[PDB]
Each structure stands twice: as C-alpha cells, then as structure tokens.
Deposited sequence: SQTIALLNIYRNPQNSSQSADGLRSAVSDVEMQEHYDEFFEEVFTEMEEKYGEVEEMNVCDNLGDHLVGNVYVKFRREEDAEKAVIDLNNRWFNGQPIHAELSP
C-alpha cells in the first residue's frame, strides 16, 4: 500500500458571532495542523500524492490522518519511523492502510 494512517492524531477538545469566530479558529487550527504534518511527510519521508485530516465521529474532536505517498517504499518506511516518534505529547500510532 502507498497509504498510511496516523490514528487519532488530530485532537481538539474545547452566540451567532461566537459560531462564526469558532468556525474561523477551527479552520485556521486545522490548516496549521495540516501544513505541520504535510511538510514533515514530504521533508523526511517522501513525495505526498494525497493527504487528508479526518473527523472520525463528526464531532471535530478526534480524527485520523491519511497520507498517500507516491511511492509504496516511502509509505512502508514512514510507518516504521513514525511509530518510533512522539507528536504533541503522545506517541504516534502509524499503520499501512490497505
């Protein structure tokens, strides 16, 4: 497989005007996170074909990250190295995703 999955790596615990402000901050926090992960994927593991940060239950609280590397080789090596790294105070749980 060329795709790897970083399990529950995207965390995010805690009117009208409040909703709009909340939407913006979440979006900016999402984009910051994305760039953060994407850049590292390309910098140390290889060329990324596709990448997405998911919202598992739909509550924006937790999500997986999927990275499709152009090369099956890069993917397999990323999984091994990533499983030996920390991310935001938690160990990473990497896995090849069929």
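Gaps between the deposited sequence and the modelled structure occur only at positions 15-20.
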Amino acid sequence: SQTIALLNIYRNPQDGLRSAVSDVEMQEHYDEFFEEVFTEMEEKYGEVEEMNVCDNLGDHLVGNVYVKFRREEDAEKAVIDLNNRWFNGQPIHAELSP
From here on, numbers count along this sequence of modelled residues.
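The PDB entry reports B-factors from which the mean C-alpha value can be compared for 78-86 and 18-26; the larger average falls on 18-26.
Note on 68-76 vs 37-45: mean CA B-factor is higher in 68-76. In the deposited entry, the Cα temperature factor of residue 61 sits in the top third of values across the chain's modelled residues.
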